[PDB]
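# structure for this input, please:
(chains A and B)
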Amino acid sequence: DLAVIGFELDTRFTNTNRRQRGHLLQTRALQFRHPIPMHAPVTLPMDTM
Amino acid sequence: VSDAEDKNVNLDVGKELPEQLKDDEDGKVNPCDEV
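Numbering: from 1, shown residues only, chains lettered A, B, ... in the order given. See below for the structure:
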């Protein structure tokens, strides 16, 4: 029963009618925010006299 | 313990308004201009 039963082609359209756009490019921007905290102090407890 | 100048007192809080509130938040970017 040796025979060719089917095939596949590598055909493609020409987009002269702009039917396809493929991938789209759009600009984006991300923003990060880093506020600065305070930190516990160090104290020098001298006498007042 | 200074004496107050109470006779005629005129306040202006706008002068004391923090510089932060004199404009909007400045992070704004046009991504199309930067790339």
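# chain B contacts on chain A?
Counting by Cβ under 8 Å from any Cβ of the partner chain, the residues of chain A lying close to chain B are A:27, A:28, A:29, A:31. Where you see a C-beta, it was placed from the backbone N, CA and C, and this is true even at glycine.
# quick one: which two of these are the most distant?
A:27 and A:31 (14.0 Å; Cβ to Cβ).
# more neighbours: which of those two?
residue A:27 (11 against 7; other Cβ atoms under 10 Å in any protein chain shown).
# just checking, the more buried one touches residue B:32?
Yes: counting by Cβ atoms under 8 Å, residue A:27 touches residue B:32, with 5.0 Å between them.
# what is the neighbour count of the closest residue to chain A within chain B?
Per Cβ to the nearest Cβ, residue B:31 is where chain B lies closest to chain A, at 3.8 Å. Neighbour count for residue B:31, taken as other Cβ under 10 Å: 11.
# and what of residue A:35?
Other residues near residue A:35 come to 4 when the count uses other Cβ under 10 Å.
# got a list of what it touches?
Under the criterion of Cβ atoms under 8 Å, 6 or more residues apart in numbering or on different chains, residue A:35 has no contact partners.
# that one and chain B: what is the separation?
13 Å (Cβ to the nearest Cβ, to the nearest Å).
# residue A:1 too?
61 Å.
# buried by neighbour count: which residues of stretch A:34-42 qualify?
Counting neighbours by 16 or more other Cβ atoms under 10 Å in any protein chain shown, one finds that stretch A:34-42 has no buried residues.
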